[PDB]
Amino acid sequence: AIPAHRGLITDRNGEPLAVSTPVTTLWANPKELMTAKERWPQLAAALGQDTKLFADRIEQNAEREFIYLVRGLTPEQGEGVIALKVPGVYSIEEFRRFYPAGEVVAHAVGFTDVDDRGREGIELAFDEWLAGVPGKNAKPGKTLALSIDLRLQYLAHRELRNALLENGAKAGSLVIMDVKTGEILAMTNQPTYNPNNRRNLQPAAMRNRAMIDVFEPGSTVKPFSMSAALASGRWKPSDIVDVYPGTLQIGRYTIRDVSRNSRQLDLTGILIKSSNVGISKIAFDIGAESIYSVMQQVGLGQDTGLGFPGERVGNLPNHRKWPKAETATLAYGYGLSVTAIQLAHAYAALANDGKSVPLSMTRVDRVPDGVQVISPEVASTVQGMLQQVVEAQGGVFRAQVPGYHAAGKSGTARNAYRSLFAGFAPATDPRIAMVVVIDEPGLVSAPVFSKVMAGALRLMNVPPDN
Ligand SMILES: *C(=O)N1C[C@H](NOS(=O)(=O)O)CC[C@H]1C(=O)NNC(=O)[C@@H]1CCCNC1
């Protein structure tokens, strides 16, 4: 077994994320060591090992011809412990993984085990491509450029970490997507870990929250309920719903708005004020089937096909016939469960004039053809409405991106609550879709969207549209 050089992983711009570095691995023929017992303690000492346990190991493996002394000394360390000239103690040239970017891309990149086999993230998902084959000569693995832009990953990392301090939040995730190419430009979770130093790792730090944390998305799916309304042929943006007095009794169940200073709202109005009553009334009119079908088409509670280890799917229940309560709770985003990634993919499809491009964690050179999941006119209309949610008076002013026109929706996700913002920018010719998730910290995640989106657009040289 002559181990193969494992393929380099870079960011989209070639910055190194996972590098296999030549290390030395001392191994021993025990049967040949049992003849030079007087050398053992010099050997043990140079391996910073206890003489008795070193000896006890060797003694008990007397009838075996292979054991590992130390795995992965530097070039000149392993050469010092072979210059002692101990009988039965030979050299192997091996490869150790180093992660130059560390904490910043830990969850995305993942890491290899003691064998240099993929254990988490991209290192596992692309193991066959990255590994090559052992020596027959050893054929080296192949280079992999990720979709991640390390400039955007660091900006996203920095800003989510800050926002978690201010709000005394213990966890969160942030996803950034290219709405045109389906590329994940940034995926960051907190807490994070350094994959270079893996002794005592709190298992909550290992959780890739963007891909495994499932939640009811709440008010962030209203734009998709609105898309279904505009495609029904029964609703235009300027049509009015009466939401007074901000409550609605469903037989026994009672729906309450957070803001109840409204009678007549147009369809834009229902999104600015985020009226559960307004969206429920529309939902009764068009039926839950139209809402289910839009949500399914944009990939909520659906397999993302990233083939990424651990990635959860959530659940979008096909009740086939919905009573009035299940109709309302689906329309304002309880009664389904989704990941941050699914929700950013859905928003990407909306931002890209209703065309869903398949998700990619790898650099996309030739973009695959999208699928038209929402008609281009409906998608253009809902973009206009979500621009008003950020821009208009009463709106989420703290999501405004100075220089650009941003579009988006806040929500509270669900037991345990997360603060959510989902949006895209620029509103005129959308480039980036973003989802922010902050655990049990409306106006928490929205300022992060603002700061990270301002940086991302400038880092991608998107001309200001305002
Ligand atoms: C959205 O997630 N909503 C709608 C509303 N305002 O949204 S926002 O803060 O402007 O983004 C209020 C918060 C949230 C919501 O609906 N929360 N709770 C509900 O009313 C449901 C009642 C049933 C149990 N929890 C959900």
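It should be noted that the structure appears before, not after, this text.
Residues numbered from 1 in each chain as written, not as in the entry; some residues may be left out. Heavy atoms only, no water.

What about the overall build of the protein?
For the protein, the count of helices and strands is 18 helices and 19 strands. Each of the three principal axes of the protein carries a C-alpha extent, and together these read 95 × 50 × 40 Å. Burial status across the protein gives 54% buried among its 466 residues. Surface summary for the protein: the accessible area is close to 21,100 Å², and the carbon and sulfur share equals 48%. (Helix = DSSP H or I, 4+ residues; strand = E, 2+ residues; numbered from the N terminus. Buried < 20%, exposed > 50% of the residue type's maximum accessible area, 1.4 Å probe, protein only. Areas by Shrake-Rupley, 256 points an atom, 1.4 Å probe, with all protein chains shown as cover.)

Topic: the nonpolar core
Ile176, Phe224 and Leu300 are the most contacted members of the largest nonpolar core, which totals 129 residues. If you tally residues by element for this core, the top one is helix α16 (residues 340-351), at 10 residues. Looking at this core, you find at least three residues from each of domain 1 (9-145) and domain 2 (151-459). Beyond its immediate chain neighbours, meaning those up to four positions away, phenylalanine 224 contacts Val294, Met295, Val298, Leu300, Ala346, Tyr347, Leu350 and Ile374. Counting residues in each nonpolar core, the second largest holds 17 residues, with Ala28, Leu33, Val86 and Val89 among its members. (Core = buried A, V, L, I, M, F, W, Y, C linked by side-chain atoms within 4.5 Å. Domains from an automatic or database assignment. Contact = heavy atoms within 4.5 Å.)

Observations concerning the site of the ligand
By nearness alone, every residue bordering the ligand is listed as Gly218, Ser219, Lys222, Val258, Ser274, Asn276, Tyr334, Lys409, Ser410, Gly411 and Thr412. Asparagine 276 places a side-chain nitrogen or oxygen 3.2 Å from an oxygen atom of the ligand. Here an oxygen atom of the ligand sits 2.8 Å away from a polar atom, N or O, in the main chain of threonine 412. Summarising the interface, the protein chains cover 70% of the accessible area of the ligand, which totals 560 Å² for the free molecule. Counting residues per element, the shell around the ligand draws most heavily on strand β17 (residues 407-413), at 4 residues. (Near = heavy atom within 4 Å. Polar contact = N/O pair within 3.5 Å; in protein donor to acceptor, adjacent residues only side chain to side chain.)

A closer look at unusual backbone geometry
That bond from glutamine 190 to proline 191 is cis: its omega, -10 degrees, falls within 30 degrees of zero. Checked against the element boundaries, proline 191 lands in the loop between β10 (184-190) and α9 (203-206). A cis geometry characterises the amide bond from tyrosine 244 onward to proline 245, with omega recorded as -5 degrees. Here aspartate 116, not a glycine, exhibits a phi torsion of approximately 65 degrees, which is positive. Note that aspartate 116 resides in the loop between α5 (106-109) and α6 (121-125). When its relative accessible area of 16% is taken as the criterion, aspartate 116 is described as buried.

A few points about the environment of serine 275
Along the chain, the position of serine 275 falls in the loop between α12 (267-273) and α13 (276-286). The sequence separation of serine 275 and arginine 414 amounts to 139 residues, and the corresponding C-alpha distance is 18 Å. Residues contacting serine 275, with those up to four places away along its chain left out, are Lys222, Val243, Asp257, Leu265 and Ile270.

Some remarks on α16
Here α16 is 12 residues long and its end C-alpha atoms lie 16 Å apart, about the 16 Å a rise of 1.5 Å per residue gives. Counting buried positions over the 12 residues of α16 gives 12, a clear majority of the element. Buried within α16 are the following residues: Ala340, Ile341, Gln342, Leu343, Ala344, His345, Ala346, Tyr347, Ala348, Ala349, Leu350 and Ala351. Of the residues flanking the end of α16, it is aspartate 353, one or two places downstream, whose phi is positive at about 50 degrees. (Expected span 1.5 Å × (residues − 1).)

A few points about the packing of aromatic side chains
Within this structure, the stated rule accounts for 8 aromatic pairs. On the basis of an interplanar angle of 85 degrees and a centroid distance of 5.2 Å, the ring pair of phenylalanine 66 and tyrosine 68 is categorised as edge-to-face. A relative accessible area of 40% means that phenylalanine 66 is categorised as partly exposed. Given a relative accessible area of 30%, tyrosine 68 falls into the partly exposed group. Relative to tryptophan 322, the ring of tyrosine 292 has its centre 5.8 Å away and its plane inclined at 40 degrees; by these criteria the two rings are tilted. Here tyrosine 292, found in helix α14 (residues 288-297), pairs with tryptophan 322, found in the loop between α14 and α15 (324-331); they are 30 residues apart in sequence, far enough to count as distant. A relative accessible area of 13% means that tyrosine 292 is categorised as buried. Following the ring pairs from residue to residue traces out a cluster consisting of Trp27, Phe66, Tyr68 and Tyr90. Cation over ring: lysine 142 sits above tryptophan 129, and NZ or CZ is 5.7 Å from the ring centre. (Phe/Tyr/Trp six-rings, centres within 6.5 Å; stacked < 30°, edge-to-face > 60°. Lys NZ or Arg CZ within 6 Å of the ring centre and 35° of its normal.)

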